[PDB]
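Q: Okay, here's the structure, questions in a sec.
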Amino acid sequence: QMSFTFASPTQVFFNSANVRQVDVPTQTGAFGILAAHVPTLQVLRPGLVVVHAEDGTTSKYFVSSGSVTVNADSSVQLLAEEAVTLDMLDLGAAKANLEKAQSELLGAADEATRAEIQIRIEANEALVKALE
Amino acid sequence: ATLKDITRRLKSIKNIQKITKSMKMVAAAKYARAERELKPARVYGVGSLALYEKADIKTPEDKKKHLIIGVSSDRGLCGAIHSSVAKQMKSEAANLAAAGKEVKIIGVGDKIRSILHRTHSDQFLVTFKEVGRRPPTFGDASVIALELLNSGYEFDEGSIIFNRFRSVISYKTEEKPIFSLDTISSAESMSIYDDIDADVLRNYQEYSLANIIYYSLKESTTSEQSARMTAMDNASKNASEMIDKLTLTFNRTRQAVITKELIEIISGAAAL
Amino acid sequence: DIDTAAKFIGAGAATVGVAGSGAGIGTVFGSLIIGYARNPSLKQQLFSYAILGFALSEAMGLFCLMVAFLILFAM
Amino acid sequence: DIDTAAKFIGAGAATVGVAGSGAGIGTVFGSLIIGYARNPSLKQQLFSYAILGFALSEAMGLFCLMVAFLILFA
Amino acid sequence: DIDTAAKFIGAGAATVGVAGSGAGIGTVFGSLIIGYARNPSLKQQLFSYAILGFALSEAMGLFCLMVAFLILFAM
Amino acid sequence: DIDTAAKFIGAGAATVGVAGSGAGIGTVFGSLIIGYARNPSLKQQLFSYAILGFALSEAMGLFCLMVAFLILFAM
Amino acid sequence: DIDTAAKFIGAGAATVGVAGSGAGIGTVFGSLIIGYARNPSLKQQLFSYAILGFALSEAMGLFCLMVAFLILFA
Amino acid sequence: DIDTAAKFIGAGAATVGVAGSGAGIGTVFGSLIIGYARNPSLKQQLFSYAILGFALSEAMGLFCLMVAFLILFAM
Amino acid sequence: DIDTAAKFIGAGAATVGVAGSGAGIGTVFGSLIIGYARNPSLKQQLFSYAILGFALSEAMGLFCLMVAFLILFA
Amino acid sequence: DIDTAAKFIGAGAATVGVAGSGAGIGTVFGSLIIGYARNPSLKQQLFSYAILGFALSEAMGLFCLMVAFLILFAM
Amino acid sequence: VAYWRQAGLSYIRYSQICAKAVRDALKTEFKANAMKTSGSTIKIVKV
């Protein structure tokens, strides 16, 4: 079966525990990992991962970015730079920051600066959809 | 001996004892923080290294360019840890240079640069300072990884050399590999991994470099703080016993002075 | 009886058009299998899309069958 | 006459062009399923693209039926 | 009679419509193979969807075959 | 008539070539959906490629329709 | 008698149904190749499913062929 | 003349082969879209391959078209 | 002869079963290319399965062609 | 004449099969494009497999053309 | 390849930016103790 490890630099959510199904958002596309998934090495994009416990229970966590590894022997490591429980966020703050970020979006100084700001919009949009 | 010289010595050693006691106290608090901070960082680092453990990657021998990273601080009142990591760095650099491989150094901390300045300073790319002033955090790992990748050196294989923390008194100088993408994509052992482009691997390696750097920083900070704690404790106990001896010497000298002064006074009174 | 033979041949050639619905339904359910293997938690939405693809190619299957029976029976 | 017989044959042949449209509809909706499963946050745009592809691959077989009915009653 | 000849003609033409079940079953089981390759833990539900899709293409296979048999004998 | 009757049969047989164009259009737009789902950041160029793909499937699967009308109307 | 002509035309017409078997077999074994390359560790279940798809496609393929011969042998 | 009738029927049943070219060109452009979506940095080479596949499938369809026109015009 | 005519058109009708096997061969070689581009280390087993698919779909194409040749000379 | 009519109809029916080759080349070249966009360094081997598949679909396309010409011209 | 790879960025900058954009959306009580241990105090010295 699965051996899942969900970790941020300052926190550990699952320390080689066991779960039934983990739906991760990845850069190429979100997918669900089960007891014998095929080995993959995806990186993360700002989204929310849902973890199905051994019972029918489920939990949600917003991951800013990171990396997901699905080892051959069904060992899964999901590392996130900032993974926060879904109740630790404000919809108002997310909306305000998204609106502001788009308010200087058209002021694209250089392509690198435009990419930086536009990643800010992408993260804010994914977070808002997570809360709207 | 001389009363004023012994008095100054006793005062100075008392100052040394109490200042090293203060340093021991602050180091104990700092280590208490650092152990709790390291507790999940171990899980994070192990989870990062899981891929390079499960996949038996090796070294494409024809590749030459190599990196060596040493993780320490800029403070040096704890002693042996900087010497140990530096010794491991010299051993690896010498061996790999003898293997005809261009070896480069990035030293995290002022002490690595100081103890390798006289000999290997020409090979350094970048050194970082102001580590250990504040507890390490993932932003430091991010900035170190950025200054590595942005630098004009595309290494083929690297090694991070740090002190793994074992107990309050035990630290071991360990070294962990760091793989370039050219090694990862040109290994037939990892081919089983699905849905990995040539661009997913760039992101994964650029992130696992920061992951291993952060893990090393956490382990090194914890081991350094414990080492400073035990070194200051030993110094305090040595200063305490030395004060204990000096107090006996001071008492003997004071009694001798009293006896000599009374003898001289009674002799002078007998003269007249 | 030349019309009697033409009816038979035309209906036989008309019923071929169900092949397109066969291939299409195979494709939609194969893609449902794949997409449910990838993202299982969207089972419900994937199934609601598979039903739509099913029915909306069975539409053309029924167009071909209706033309076939039209030739066979209703002039 | 024989002419009505050949009209029957022509209608029964021309009505099979709808098979390609059926297969194309199947392909469009199957790839819509796959694309939605890969990126669930693009639902609306993916459905719009699917409906556009449906409209086109539908019209192609619909004109096959149009020619079949034209031959049948003209 | 020429109608008896057209019975065979129409039957041979109507049996052409099994090629659609062809493409359909091929795609369904190929996509089951791929889906089970990626996520083997879902094998039961993947196989259930595969049986559903196979049955749904075989339904039109039997539509074409029953039309052929109807043109042959039961008319 | 006989020759005009065979012209009608020929037009009916010629129109079957539209099936390939229908299948091609389905493939093109399905691939657009998949590619866009992988990369939404290329919507413009992906659609501009599918326009060319549809145009060249359509303008080449419509030659069969054109020659069907050539047989039917003006020999 | 024209019944021989009917039998010959019907036999020639029925056997195109093997085109579906050809396409289905091509697709099944192509997906088997892709699935085996994506995950070699299950090449006994990938192969079981491949031969099962074989059976389920050749069933209708040989149904088309046997109907063709029955038309020739009615 | 039954020969004219057969020329018409043969051209009609011959021009249908462009269906394969239609499906193939659709497949080529769809896979162009998917491949370019996966990595847009070698669009040049992908487009060149797409052009070559287009030309091949178009010419294979033109063989059916020319057989049709050769039966229609010549004999 | 009417029967020689029927034999000719019946063989022509039997010939169209080759298209499905051609499409299947195209699909199997395309998926072989895909699998090789995914897992080049295997290669040999991918080619074994691909030659199996090619030979085995050619089997059905040749079944159609044998039916055509039986229509022509029997 | 009936022979010169049957030969025309049979050739028209026979030249269809190269639609399969057209679809085969379309699939082969599309897969070439995708597989080269995934791992481009295997370009030469991918092209070798592509030309293998193309020639091996042209094999049966040309077989259909040769049976058509054998019926139409010589026999 | 994503739009930040053309622009000349690395996945480290992507991760930093996404992490900060998550930072700014915390409940203001949680931002207090998420600010601590989220800085970059390393100073670089060149050659």
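Going through the structure tokens in order, the chains are called A, B, and so on, while each chain numbers its residues from 1 and the ligands are numbered from 1 in the order shown.
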Over every C-alpha pair, in sequence order, do a least-squares fit of chain D onto chain I and save the fitted chain as a PDB file with N, CA and C atoms, in the first residue's frame.
A:
ATOM      1  N   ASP D   1     -20.977 -14.522 -69.000  1.00  0.00           N
ATOM      2  CA  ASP D   1     -22.294 -14.324 -68.413  1.00  0.00           C
ATOM      3  C   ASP D   1     -22.290 -13.107 -67.501  1.00  0.00           C
ATOM      4  N   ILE D   2     -23.430 -12.851 -66.857  1.00  0.00           N
ATOM      5  CA  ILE D   2     -23.472 -11.840 -65.807  1.00  0.00           C
ATOM      6  C   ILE D   2     -22.645 -12.295 -64.611  1.00  0.00           C
ATOM      7  N   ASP D   3     -22.388 -13.601 -64.513  1.00  0.00           N
ATOM      8  CA  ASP D   3     -21.690 -14.147 -63.357  1.00  0.00           C
ATOM      9  C   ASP D   3     -20.270 -13.603 -63.249  1.00  0.00           C
ATOM     10  N   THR D   4     -19.552 -13.493 -64.367  1.00  0.00           N
ATOM     11  CA  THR D   4     -18.225 -12.889 -64.313  1.00  0.00           C
ATOM     12  C   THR D   4     -18.299 -11.420 -63.920  1.00  0.00           C
ATOM     13  N   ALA D   5     -19.348 -10.718 -64.349  1.00  0.00           N
ATOM     14  CA  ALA D   5     -19.525  -9.334 -63.928  1.00  0.00           C
ATOM     15  C   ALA D   5     -19.665  -9.235 -62.415  1.00  0.00           C
ATOM     16  N   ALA D   6     -20.508 -10.084 -61.832  1.00  0.00           N
ATOM     17  CA  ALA D   6     -20.676 -10.053 -60.387  1.00  0.00           C
ATOM     18  C   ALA D   6     -19.419 -10.510 -59.666  1.00  0.00           C
ATOM     19  N   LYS D   7     -18.647 -11.419 -60.260  1.00  0.00           N
ATOM     20  CA  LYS D   7     -17.367 -11.786 -59.665  1.00  0.00           C
ATOM     21  C   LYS D   7     -16.420 -10.596 -59.638  1.00  0.00           C
ATOM     22  N   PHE D   8     -16.398  -9.809 -60.717  1.00  0.00           N
ATOM     23  CA  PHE D   8     -15.605  -8.581 -60.726  1.00  0.00           C
ATOM     24  C   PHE D   8     -16.043  -7.645 -59.606  1.00  0.00           C
ATOM     25  N   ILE D   9     -17.356  -7.457 -59.467  1.00  0.00           N
ATOM     26  CA  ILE D   9     -17.873  -6.568 -58.429  1.00  0.00           C
ATOM     27  C   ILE D   9     -17.480  -7.079 -57.051  1.00  0.00           C
ATOM     28  N   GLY D  10     -17.617  -8.386 -56.832  1.00  0.00           N
ATOM     29  CA  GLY D  10     -17.310  -8.954 -55.533  1.00  0.00           C
ATOM     30  C   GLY D  10     -15.843  -8.846 -55.177  1.00  0.00           C
ATOM     31  N   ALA D  11     -14.958  -9.069 -56.147  1.00  0.00           N
ATOM     32  CA  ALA D  11     -13.533  -8.888 -55.887  1.00  0.00           C
ATOM     33  C   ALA D  11     -13.224  -7.435 -55.556  1.00  0.00           C
ATOM     34  N   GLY D  12     -13.772  -6.507 -56.345  1.00  0.00           N
ATOM     35  CA  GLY D  12     -13.533  -5.098 -56.099  1.00  0.00           C
ATOM     36  C   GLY D  12     -14.090  -4.606 -54.782  1.00  0.00           C
ATOM     37  N   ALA D  13     -15.120  -5.268 -54.259  1.00  0.00           N
ATOM     38  CA  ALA D  13     -15.621  -4.910 -52.939  1.00  0.00           C
ATOM     39  C   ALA D  13     -14.782  -5.550 -51.845  1.00  0.00           C
ATOM     40  N   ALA D  14     -14.544  -6.858 -51.942  1.00  0.00           N
ATOM     41  CA  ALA D  14     -13.815  -7.578 -50.909  1.00  0.00           C
ATOM     42  C   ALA D  14     -12.382  -7.098 -50.751  1.00  0.00           C
ATOM     43  N   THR D  15     -11.805  -6.455 -51.766  1.00  0.00           N
ATOM     44  CA  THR D  15     -10.426  -6.006 -51.611  1.00  0.00           C
ATOM     45  C   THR D  15     -10.298  -4.734 -50.784  1.00  0.00           C
ATOM     46  N   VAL D  16     -11.407  -4.116 -50.374  1.00  0.00           N
ATOM     47  CA  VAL D  16     -11.301  -2.900 -49.574  1.00  0.00           C
ATOM     48  C   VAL D  16     -11.161  -3.203 -48.090  1.00  0.00           C
ATOM     49  N   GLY D  17     -11.334  -4.454 -47.680  1.00  0.00           N
ATOM     50  CA  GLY D  17     -11.152  -4.807 -46.287  1.00  0.00           C
ATOM     51  C   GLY D  17      -9.740  -4.532 -45.816  1.00  0.00           C
ATOM     52  N   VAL D  18      -8.818  -4.398 -46.771  1.00  0.00           N
ATOM     53  CA  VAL D  18      -7.420  -4.123 -46.473  1.00  0.00           C
ATOM     54  C   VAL D  18      -7.215  -2.739 -45.867  1.00  0.00           C
ATOM     55  N   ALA D  19      -8.199  -1.847 -45.997  1.00  0.00           N
ATOM     56  CA  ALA D  19      -8.062  -0.508 -45.431  1.00  0.00           C
ATOM     57  C   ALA D  19      -7.950  -0.551 -43.911  1.00  0.00           C
ATOM     58  N   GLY D  20      -8.767  -1.378 -43.262  1.00  0.00           N
ATOM     59  CA  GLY D  20      -8.668  -1.493 -41.819  1.00  0.00           C
ATOM     60  C   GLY D  20      -7.309  -1.994 -41.381  1.00  0.00           C
ATOM     61  N   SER D  21      -6.752  -2.949 -42.122  1.00  0.00           N
ATOM     62  CA  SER D  21      -5.427  -3.453 -41.796  1.00  0.00           C
ATOM     63  C   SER D  21      -4.364  -2.380 -41.990  1.00  0.00           C
ATOM     64  N   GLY D  22      -4.490  -1.570 -43.040  1.00  0.00           N
ATOM     65  CA  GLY D  22      -3.542  -0.479 -43.229  1.00  0.00           C
ATOM     66  C   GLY D  22      -3.571   0.513 -42.082  1.00  0.00           C
ATOM     67  N   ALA D  23      -4.777   0.902 -41.661  1.00  0.00           N
ATOM     68  CA  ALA D  23      -4.901   1.810 -40.522  1.00  0.00           C
ATOM     69  C   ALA D  23      -4.361   1.178 -39.242  1.00  0.00           C
ATOM     70  N   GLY D  24      -4.612  -0.117 -39.041  1.00  0.00           N
ATOM     71  CA  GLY D  24      -4.091  -0.786 -37.860  1.00  0.00           C
ATOM     72  C   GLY D  24      -2.575  -0.859 -37.839  1.00  0.00           C
ATOM     73  N   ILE D  25      -1.963  -1.121 -38.992  1.00  0.00           N
ATOM     74  CA  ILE D  25      -0.507  -1.112 -39.087  1.00  0.00           C
ATOM     75  C   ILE D  25       0.029   0.267 -38.744  1.00  0.00           C
ATOM     76  N   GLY D  26      -0.603   1.306 -39.290  1.00  0.00           N
ATOM     77  CA  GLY D  26      -0.194   2.654 -38.951  1.00  0.00           C
ATOM     78  C   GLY D  26      -0.263   2.918 -37.461  1.00  0.00           C
ATOM     79  N   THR D  27      -1.350   2.487 -36.821  1.00  0.00           N
ATOM     80  CA  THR D  27      -1.488   2.690 -35.383  1.00  0.00           C
ATOM     81  C   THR D  27      -0.407   1.949 -34.605  1.00  0.00           C
ATOM     82  N   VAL D  28      -0.134   0.695 -34.971  1.00  0.00           N
ATOM     83  CA  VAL D  28       0.868  -0.083 -34.243  1.00  0.00           C
ATOM     84  C   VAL D  28       2.231   0.583 -34.338  1.00  0.00           C
ATOM     85  N   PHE D  29       2.628   0.989 -35.542  1.00  0.00           N
ATOM     86  CA  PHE D  29       3.959   1.569 -35.664  1.00  0.00           C
ATOM     87  C   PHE D  29       4.028   2.968 -35.068  1.00  0.00           C
ATOM     88  N   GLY D  30       2.934   3.727 -35.113  1.00  0.00           N
ATOM     89  CA  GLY D  30       2.942   5.023 -34.465  1.00  0.00           C
ATOM     90  C   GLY D  30       3.091   4.914 -32.962  1.00  0.00           C
ATOM     91  N   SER D  31       2.349   3.994 -32.352  1.00  0.00           N
ATOM     92  CA  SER D  31       2.502   3.804 -30.921  1.00  0.00           C
ATOM     93  C   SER D  31       3.855   3.199 -30.579  1.00  0.00           C
ATOM     94  N   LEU D  32       4.448   2.427 -31.488  1.00  0.00           N
ATOM     95  CA  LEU D  32       5.821   1.987 -31.273  1.00  0.00           C
ATOM     96  C   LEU D  32       6.773   3.172 -31.236  1.00  0.00           C
ATOM     97  N   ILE D  33       6.581   4.136 -32.137  1.00  0.00           N
ATOM     98  CA  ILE D  33       7.409   5.341 -32.124  1.00  0.00           C
ATOM     99  C   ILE D  33       7.264   6.065 -30.794  1.00  0.00           C
ATOM    100  N   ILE D  34       6.023   6.246 -30.342  1.00  0.00           N
ATOM    101  CA  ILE D  34       5.786   6.981 -29.099  1.00  0.00           C
ATOM    102  C   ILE D  34       6.390   6.240 -27.911  1.00  0.00           C
ATOM    103  N   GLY D  35       6.174   4.927 -27.842  1.00  0.00           N
ATOM    104  CA  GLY D  35       6.693   4.156 -26.728  1.00  0.00           C
ATOM    105  C   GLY D  35       8.208   4.116 -26.692  1.00  0.00           C
ATOM    106  N   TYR D  36       8.844   3.994 -27.857  1.00  0.00           N
ATOM    107  CA  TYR D  36      10.298   4.047 -27.891  1.00  0.00           C
ATOM    108  C   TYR D  36      10.806   5.415 -27.465  1.00  0.00           C
ATOM    109  N   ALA D  37      10.155   6.486 -27.923  1.00  0.00           N
ATOM    110  CA  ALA D  37      10.587   7.819 -27.530  1.00  0.00           C
ATOM    111  C   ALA D  37      10.431   8.052 -26.036  1.00  0.00           C
ATOM    112  N   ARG D  38       9.431   7.439 -25.405  1.00  0.00           N
ATOM    113  CA  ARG D  38       9.259   7.621 -23.969  1.00  0.00           C
ATOM    114  C   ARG D  38      10.304   6.856 -23.164  1.00  0.00           C
ATOM    115  N   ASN D  39      10.580   5.605 -23.527  1.00  0.00           N
ATOM    116  CA  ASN D  39      11.494   4.741 -22.775  1.00  0.00           C
ATOM    117  C   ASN D  39      12.496   4.114 -23.732  1.00  0.00           C
ATOM    118  N   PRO D  40      13.566   4.834 -24.072  1.00  0.00           N
ATOM    119  CA  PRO D  40      14.478   4.349 -25.118  1.00  0.00           C
ATOM    120  C   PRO D  40      15.187   3.054 -24.775  1.00  0.00           C
ATOM    121  N   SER D  41      15.180   2.627 -23.515  1.00  0.00           N
ATOM    122  CA  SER D  41      15.931   1.444 -23.116  1.00  0.00           C
ATOM    123  C   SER D  41      15.168   0.143 -23.325  1.00  0.00           C
ATOM    124  N   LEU D  42      13.957   0.189 -23.865  1.00  0.00           N
ATOM    125  CA  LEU D  42      13.172  -1.025 -24.051  1.00  0.00           C
ATOM    126  C   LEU D  42      13.073  -1.430 -25.516  1.00  0.00           C
ATOM    127  N   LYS D  43      13.985  -0.901 -26.326  1.00  0.00           N
ATOM    128  CA  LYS D  43      13.964  -1.064 -27.761  1.00  0.00           C
ATOM    129  C   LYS D  43      13.552  -2.418 -28.320  1.00  0.00           C
ATOM    130  N   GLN D  44      14.240  -3.453 -27.852  1.00  0.00           N
ATOM    131  CA  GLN D  44      14.011  -4.800 -28.360  1.00  0.00           C
ATOM    132  C   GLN D  44      12.597  -5.284 -28.068  1.00  0.00           C
ATOM    133  N   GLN D  45      12.175  -5.164 -26.810  1.00  0.00           N
ATOM    134  CA  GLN D  45      10.843  -5.630 -26.438  1.00  0.00           C
ATOM    135  C   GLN D  45       9.758  -4.824 -27.143  1.00  0.00           C
ATOM    136  N   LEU D  46       9.954  -3.510 -27.263  1.00  0.00           N
ATOM    137  CA  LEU D  46       8.979  -2.687 -27.967  1.00  0.00           C
ATOM    138  C   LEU D  46       8.873  -3.091 -29.430  1.00  0.00           C
ATOM    139  N   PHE D  47      10.012  -3.340 -30.076  1.00  0.00           N
ATOM    140  CA  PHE D  47       9.989  -3.774 -31.467  1.00  0.00           C
ATOM    141  C   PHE D  47       9.316  -5.130 -31.605  1.00  0.00           C
ATOM    142  N   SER D  48       9.531  -6.023 -30.640  1.00  0.00           N
ATOM    143  CA  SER D  48       8.871  -7.323 -30.679  1.00  0.00           C
ATOM    144  C   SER D  48       7.357  -7.175 -30.588  1.00  0.00           C
ATOM    145  N   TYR D  49       6.885  -6.323 -29.674  1.00  0.00           N
ATOM    146  CA  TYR D  49       5.445  -6.102 -29.555  1.00  0.00           C
ATOM    147  C   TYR D  49       4.878  -5.487 -30.826  1.00  0.00           C
ATOM    148  N   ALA D  50       5.620  -4.556 -31.427  1.00  0.00           N
ATOM    149  CA  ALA D  50       5.186  -3.966 -32.687  1.00  0.00           C
ATOM    150  C   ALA D  50       5.081  -5.017 -33.779  1.00  0.00           C
ATOM    151  N   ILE D  51       6.046  -5.932 -33.848  1.00  0.00           N
ATOM    152  CA  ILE D  51       6.013  -6.948 -34.893  1.00  0.00           C
ATOM    153  C   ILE D  51       4.861  -7.914 -34.666  1.00  0.00           C
ATOM    154  N   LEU D  52       4.564  -8.238 -33.408  1.00  0.00           N
ATOM    155  CA  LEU D  52       3.407  -9.086 -33.133  1.00  0.00           C
ATOM    156  C   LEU D  52       2.116  -8.409 -33.587  1.00  0.00           C
ATOM    157  N   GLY D  53       1.946  -7.137 -33.224  1.00  0.00           N
ATOM    158  CA  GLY D  53       0.754  -6.416 -33.643  1.00  0.00           C
ATOM    159  C   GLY D  53       0.653  -6.289 -35.149  1.00  0.00           C
ATOM    160  N   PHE D  54       1.785  -6.044 -35.809  1.00  0.00           N
ATOM    161  CA  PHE D  54       1.818  -6.112 -37.261  1.00  0.00           C
ATOM    162  C   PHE D  54       1.361  -7.454 -37.794  1.00  0.00           C
ATOM    163  N   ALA D  55       1.890  -8.549 -37.258  1.00  0.00           N
ATOM    164  CA  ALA D  55       1.522  -9.852 -37.792  1.00  0.00           C
ATOM    165  C   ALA D  55       0.017 -10.049 -37.730  1.00  0.00           C
ATOM    166  N   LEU D  56      -0.596  -9.678 -36.605  1.00  0.00           N
ATOM    167  CA  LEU D  56      -2.036  -9.897 -36.460  1.00  0.00           C
ATOM    168  C   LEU D  56      -2.840  -8.981 -37.386  1.00  0.00           C
ATOM    169  N   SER D  57      -2.628  -7.665 -37.273  1.00  0.00           N
ATOM    170  CA  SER D  57      -3.393  -6.736 -38.095  1.00  0.00           C
ATOM    171  C   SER D  57      -3.077  -6.890 -39.575  1.00  0.00           C
ATOM    172  N   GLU D  58      -1.944  -7.503 -39.909  1.00  0.00           N
ATOM    173  CA  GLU D  58      -1.626  -7.822 -41.292  1.00  0.00           C
ATOM    174  C   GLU D  58      -2.452  -9.000 -41.771  1.00  0.00           C
ATOM    175  N   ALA D  59      -2.454 -10.093 -40.998  1.00  0.00           N
ATOM    176  CA  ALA D  59      -3.231 -11.264 -41.382  1.00  0.00           C
ATOM    177  C   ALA D  59      -4.694 -10.916 -41.594  1.00  0.00           C
ATOM    178  N   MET D  60      -5.214  -9.945 -40.840  1.00  0.00           N
ATOM    179  CA  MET D  60      -6.627  -9.609 -41.011  1.00  0.00           C
ATOM    180  C   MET D  60      -6.927  -9.072 -42.410  1.00  0.00           C
ATOM    181  N   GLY D  61      -6.075  -8.205 -42.945  1.00  0.00           N
ATOM    182  CA  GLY D  61      -6.305  -7.707 -44.289  1.00  0.00           C
ATOM    183  C   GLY D  61      -5.847  -8.682 -45.356  1.00  0.00           C
ATOM    184  N   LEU D  62      -4.870  -9.514 -45.000  1.00  0.00           N
ATOM    185  CA  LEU D  62      -4.419 -10.535 -45.932  1.00  0.00           C
ATOM    186  C   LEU D  62      -5.520 -11.537 -46.214  1.00  0.00           C
ATOM    187  N   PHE D  63      -6.360 -11.846 -45.225  1.00  0.00           N
ATOM    188  CA  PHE D  63      -7.461 -12.749 -45.538  1.00  0.00           C
ATOM    189  C   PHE D  63      -8.551 -12.039 -46.332  1.00  0.00           C
ATOM    190  N   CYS D  64      -8.655 -10.715 -46.204  1.00  0.00           N
ATOM    191  CA  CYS D  64      -9.530  -9.975 -47.108  1.00  0.00           C
ATOM    192  C   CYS D  64      -9.074 -10.150 -48.548  1.00  0.00           C
ATOM    193  N   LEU D  65      -7.771 -10.005 -48.787  1.00  0.00           N
ATOM    194  CA  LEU D  65      -7.251 -10.255 -50.130  1.00  0.00           C
ATOM    195  C   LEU D  65      -7.446 -11.707 -50.540  1.00  0.00           C
ATOM    196  N   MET D  66      -7.319 -12.635 -49.592  1.00  0.00           N
ATOM    197  CA  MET D  66      -7.533 -14.041 -49.910  1.00  0.00           C
ATOM    198  C   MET D  66      -8.958 -14.283 -50.387  1.00  0.00           C
ATOM    199  N   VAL D  67      -9.942 -13.706 -49.699  1.00  0.00           N
ATOM    200  CA  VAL D  67     -11.329 -13.857 -50.127  1.00  0.00           C
ATOM    201  C   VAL D  67     -11.563 -13.144 -51.452  1.00  0.00           C
ATOM    202  N   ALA D  68     -10.910 -12.000 -51.664  1.00  0.00           N
ATOM    203  CA  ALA D  68     -11.069 -11.302 -52.936  1.00  0.00           C
ATOM    204  C   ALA D  68     -10.566 -12.149 -54.095  1.00  0.00           C
ATOM    205  N   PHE D  69      -9.403 -12.779 -53.931  1.00  0.00           N
ATOM    206  CA  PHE D  69      -8.880 -13.631 -54.992  1.00  0.00           C
ATOM    207  C   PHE D  69      -9.696 -14.907 -55.137  1.00  0.00           C
ATOM    208  N   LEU D  70     -10.243 -15.418 -54.035  1.00  0.00           N
ATOM    209  CA  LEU D  70     -11.122 -16.578 -54.107  1.00  0.00           C
ATOM    210  C   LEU D  70     -12.368 -16.269 -54.925  1.00  0.00           C
ATOM    211  N   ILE D  71     -13.003 -15.129 -54.656  1.00  0.00           N
ATOM    212  CA  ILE D  71     -14.178 -14.731 -55.424  1.00  0.00           C
ATOM    213  C   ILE D  71     -13.800 -14.489 -56.874  1.00  0.00           C
ATOM    214  N   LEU D  72     -12.646 -13.864 -57.098  1.00  0.00           N
ATOM    215  CA  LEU D  72     -12.251 -13.480 -58.446  1.00  0.00           C
ATOM    216  C   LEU D  72     -12.017 -14.681 -59.352  1.00  0.00           C
ATOM    217  N   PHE D  73     -11.387 -15.741 -58.846  1.00  0.00           N
ATOM    218  CA  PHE D  73     -11.059 -16.896 -59.674  1.00  0.00           C
ATOM    219  C   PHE D  73     -11.746 -18.171 -59.198  1.00  0.00           C
ATOM    220  N   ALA D  74     -12.877 -18.047 -58.508  1.00  0.00           N
ATOM    221  CA  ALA D  74     -13.666 -19.205 -58.100  1.00  0.00           C
ATOM    222  C   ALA D  74     -15.078 -18.779 -57.708  1.00  0.00           C
TER     223      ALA D  74
END
Q: Run DSSP on the backbone and grab whatever in segment 31-125 of chain A lands in strand (DSSP E or B); send it over as a PyMOL selection string.
A: chain A and resi 31-33+40+43-44+47-52+58-63+66-70+75-80+83-85+89
Q: Near segment 53-68 of chain F, counting only C-alpha atoms, which residues have an atom at most 8 Å away, once you skip same-chain residues fewer than 3 positions from it, shown as JSON, numbers by chain?
A: {"F": [10, 11, 12, 14, 15, 16, 17, 18, 20, 21, 24, 25, 28, 49, 50, 71, 72], "H": [12, 15, 16, 18, 19, 22, 23, 25, 26, 29, 30, 58]}
Q: Got time to write the residues from that selection, C-alpha atoms, as a compact mmCIF listing (two decimals), in the first residue's frame?
A:
# COMPACT_ATOMS: atom_id res chain seq x y z
CA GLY F 10 -22.51 7.33 -58.35
CA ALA F 11 -23.33 10.54 -56.50
CA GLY F 12 -24.59 8.54 -53.54
CA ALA F 14 -19.18 9.54 -53.96
CA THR F 15 -20.58 11.40 -50.97
CA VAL F 16 -19.11 8.78 -48.60
CA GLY F 17 -15.74 10.56 -48.78
CA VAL F 18 -17.03 13.14 -46.29
CA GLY F 20 -12.81 11.01 -43.53
CA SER F 21 -13.10 14.78 -43.25
CA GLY F 24 -10.19 14.47 -39.24
CA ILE F 25 -12.09 17.44 -37.83
CA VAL F 28 -8.05 18.05 -34.79
CA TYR F 49 -3.00 25.82 -35.80
CA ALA F 50 -6.34 24.04 -35.50
CA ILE F 71 -21.69 13.53 -61.36
CA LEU F 72 -25.23 14.45 -60.33
CA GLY H 12 -18.38 7.55 -57.49
CA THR H 15 -13.53 9.01 -55.03
CA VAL H 16 -14.44 7.75 -51.53
CA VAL H 18 -10.06 10.45 -50.03
CA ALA H 19 -11.69 9.69 -46.67
CA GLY H 22 -8.92 13.32 -44.66
CA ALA H 23 -8.57 11.29 -41.48
CA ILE H 25 -4.37 14.83 -42.36
CA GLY H 26 -6.63 15.49 -39.39
CA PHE H 29 -2.45 18.34 -37.60
CA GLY H 30 -3.88 17.21 -34.27
CA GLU H 58 -2.75 14.56 -49.59
Q: Residue 4 of chain K: which residues within 10 Å, counting only C-alpha atoms, same-chain residues fewer than 5 positions away excluded, as a ChimeraX atom specification?
A: /A:111-116,118-119 /K:9-11,13-14
Q: Please identify every residue of chain F that has at least one atom no more than 9 Å from any atom of chain A, counting only C-alpha atoms, and report them as a ChimeraX atom specification.
A: /F:37-39
